[PDB]
Structure formats: C-alpha cells, structure tokens
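With ideal geometry, Cβ positions are generated from the backbone for all residues, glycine too; neighbour counts draw on all protein chains shown. No lab work stands behind these numbers, since they all come straight from the coordinates.
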2 protein chains.
Amino acid sequence: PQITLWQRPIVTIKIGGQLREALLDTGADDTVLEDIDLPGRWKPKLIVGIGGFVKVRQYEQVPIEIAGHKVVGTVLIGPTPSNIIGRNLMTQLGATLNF
Amino acid sequence: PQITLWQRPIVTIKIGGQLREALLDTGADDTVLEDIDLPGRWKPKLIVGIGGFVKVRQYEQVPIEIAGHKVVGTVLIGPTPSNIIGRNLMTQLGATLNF
Ligand SMILES: CCCC[C@H](NC(=O)[C@H](C)NC(=O)[C@H](CCC(=O)O)NC(=O)[C@H](Cc1ccccc1)NC[C@H](CC(C)C)NC(=O)[C@@H](NC(=O)[C@@H](N)CCCNC(N)=[NH2+])C(C)C)C(N)=O
Ligand SMILES: [Cl-]
Ligand SMILES: [Cl-]
Ligand SMILES: [Cl-]
Ligand SMILES: [Cl-]
Ligand SMILES: [Cl-]
Ligand SMILES: [Cl-]
Ligand code: NA
C-alpha cells in the first residue's frame, strides 16, 4: 500500500496464530511486541527507547506475517505502549519512505 | 526523495535558523530535539515512549526548512537518544510509507 501519515501507520500482523496490530516505525531499529508469546529459550536484552531502558526477550529468526506479507526476523518481547514493527522487518517488505 | 530503510533514515533540517540532523520517524507523533535552544515562550508537556515519559518544552510556531519545503510547526525540546522528525512535520511534506 501507500500509507499517508495523518494517522499512526498501523498494520495487522500474525505470529503463529496470534493476530495483532502494530505500528510501522522507521525510527525503530528492532521489532518489539507486548501481547504475544513465543516458545522456547530467549536471550535477555536491554533496549533503549525515548523514555528509558526496558528489558526484553530476544527471539531470532521468527516467522511473521505483516499486512499479509510473510517475513522472517528477530522479534523482541517486552513492555511497550504500542506494538512496534522496526526497520529489521520493514526492509523485508521492501518498504520505502517517500518525502 | 525515495529511501529504503536498510540504514537509519537521517536527514538535515534547519530549525529556527540552526542546522541539525534528525531521524525521520513514522512512529513518532511529534518532532523532538535535544541539541538546540529556541527563543521565546513555551509550554511544559510530557512525551511517552518505550521506556517511560520525559518532560519537554513545547515550542509552537517554529520556522523549519526540511526537504526543500519551508514550514511552520511545533518542536518539543527535551532529552532523546536521537533527534527525531515525527508525523507532525512528515504530513506537511506529503510523506508516505510504501510497500
Ligand atoms: C505534546 C504531547 C502530545 C503527544 C504525546 N505523544 C506521544 O508521547 C507519542 C505517543 N509518542 C511517540 O510517538 C514517541 C515519540 C515521541 C513523540 O512523538 O512525542 N514514539 C516512540 O517513542 C516510538 C515508539 C512508540 C510509538 C508510539 C507510542 C509509544 C512508543 N519509538 C521511537 C524511538 C526513537 C529512538 C531514536 C529512541 N525508537 C525506539 O524507541 C526504538 N529503539 C531503538 O531502535 C533502539 N535500537 C535505540 C535507537 C537509538 N538511536 C540512537 N542512539 N541514535 C524501539 C521502538 C525498539 C502524548 N502525550 O500523547
Ligand atoms: Cl492516529
Ligand atoms: Cl494491514
Ligand atoms: Cl528452546
Ligand atoms: Cl538499544
Ligand atoms: Cl524528564
Ligand atoms: Cl506542527
Ligand atoms: Na516562533
């Protein structure tokens, strides 16, 4: 799609049967979801946001569907006021910003 | 321009006659800079991101030059890991996300 930015750019995502919504954030290096579970071991990571640091679980090479497009990449699970899709997965959609 | 997202989308902008770099940030409602003093009156606000909330000065009516356009808009000054250009200004460019 072509998405204008008058409202927040929210798309549907799906991870192993969990259907959720998330924000396309070109200021995010990484993808951070709160309302999802993923199986097995993770790597604990601290990440930086505008308001401070947060502890997340890092899961690698996760299959995920974003606005109906299947991609694979790292997903971080932890507290956030909004689910966020970062550049790590937006590059897999071939996303561009046009300005 | 049309840019991919393999790197951070960083651009130079002129804010109140001063040049700074900043990240084009579709997941930001607002434009937030930390390395700059602006003149005149402001109002105290708070922004929220991943880590929590930060106190900012809200400066309305700031002249800005960005991507060849001359615009007037609001800038929030306060502490941020990176300067960020949000949707308040991207919309004035007619910016879009495409994939
Ligand atoms: C004036 C007041 C009114 C509006 C005010 N609105 C806000 O507070 C809105 C919701 N907040 C936002 O839109 C803020 C930005 C600030 C702003 O726009 O004001 N956005 C954000 O903070 C969004 C995520 C988010 C989105 C929506 C809601 C909540 C959080 N992330 C932007 C942020 C920018 C980065 C440079 C630190 N990115 C990150 O936090 C990501 N972090 C990363 O990518 C890390 N690798 C670190 C990068 C550091 N870079 C560097 N050092 N150069 C993370 C998501 C993995 C309100 N109170 O409602
Ligand atoms: Cl919105
Ligand atoms: Cl969608
Ligand atoms: Cl495991
Ligand atoms: Cl980080
Ligand atoms: Cl603060
Ligand atoms: Cl504005
Ligand atoms: Na002014």
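Among the residues in the stretch B:30-40, are any more than 16 Å from ligand 7 (Cβ to nearest atom), closer than 29 Å to residue A:33 by Cβ and in contact with a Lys or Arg (Cβ under 8 Å, 6 or more places away or on another chain)?
No - not one qualifying residue is present in the stretch B:30-40.
State the number of residues belonging to the stretch A:1-29 that are without any contact (Cβ under 8 Å) to a residue 40 or more places away in the chain, part of a loop (DSSP other than H, G, I, E, B) and either facing chain B (nearest Cβ under 7 Å) or among the polar types (S, T, N, Q) (or both).
5
Checking the condition under 17 Å from residue B:29 (Cα atoms), hydroxyl-bearing (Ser, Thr, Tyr), crowded, with 17+ Cβ neighbours inside 10 Å and within 12 Å of ligand 6 (Cβ to nearest atom), which residue from B:80, B:74 passes? Break it down into steps so the answer makes sense when it comes.
On the way: B:74 fails: within 12 Å of ligand 6 (Cβ to nearest atom).
The match here is B:80.
So, in the stretch A:33-81, of the ones that are among the charged types (D, E, K, R), more than 11 Å from chain B (Cβ to nearest Cβ) and closer than 24 Å to residue B:99 by Cβ, which residue ends up farthest from ligand 1 (Cβ to nearest atom)? Walk me through it before giving the result.
First, pick out the residues of the stretch A:33-81 that are among the charged types (D, E, K, R): A:34-35, A:37, A:41, A:43, A:45, A:55, A:57, A:60, A:65, A:70.
Adding the requirement that they be more than 11 Å from chain B (Cβ to nearest Cβ) leaves A:35, A:37, A:41, A:43, A:45, A:57, A:60, A:65, A:70.
Then keep just the ones that are closer than 24 Å to residue B:99 by Cβ; that gives A:35, A:60, A:65, A:70.
Details: A:35: 14, A:60: 16, A:65: 20, A:70: 22 Å.
In this case the residue turns out to be A:70.
Restricting the search to the stretch A:69-99, which residues are in a loop (DSSP other than H, G, I, E, B) and in contact (Cβ under 8 Å) with a residue 12 or more places away in the chain?
A:78, A:79, A:80, A:82, A:83, A:86, A:95
So is residue A:91 closer than 24 Å to residue B:53 by Cα and either more than 16 Å from ligand 7 (Cβ to nearest atom) or under 12 Å from the mean Cα position of the chain (by Cα) (or both) or not? If you could, list the steps in order and put the result at the bottom.
Details: closer than 24 Å to residue B:53 by Cα: no; either more than 16 Å from ligand 7 (Cβ to nearest atom) or under 12 Å from the mean Cα position of the chain (by Cα) (or both): yes.
Taking the combined requirement at face value, the residue does not satisfy it.
If you take the residues in the stretch B:30-41 that are in contact (Cβ under 8 Å) with a residue 40 or more places away in the chain and not charged (D, E, K, R), which one is surrounded by the fewest Cβ atoms within 10 Å (Cβ to Cβ)?
Top of the filtered list is B:36.
If you scan the stretch B:82-99, which residues turn out to be more than 14 Å from residue B:14 (Cα to Cα), facing chain A (nearest Cβ under 7 Å) and more than 16 Å from ligand 2 (Cβ to nearest atom)? Talk me through it step by step, then tell me what you get.
First, the residues of the stretch B:82-99 that are more than 14 Å from residue B:14 (Cα to Cα): B:82, B:86-88, B:90-99.
Narrowing the set further to residues that are facing chain A (nearest Cβ under 7 Å) leaves B:87, B:90-91, B:93, B:95-99.
Within the stretch B:82-99, B:93, B:98, B:99 meet the criteria.
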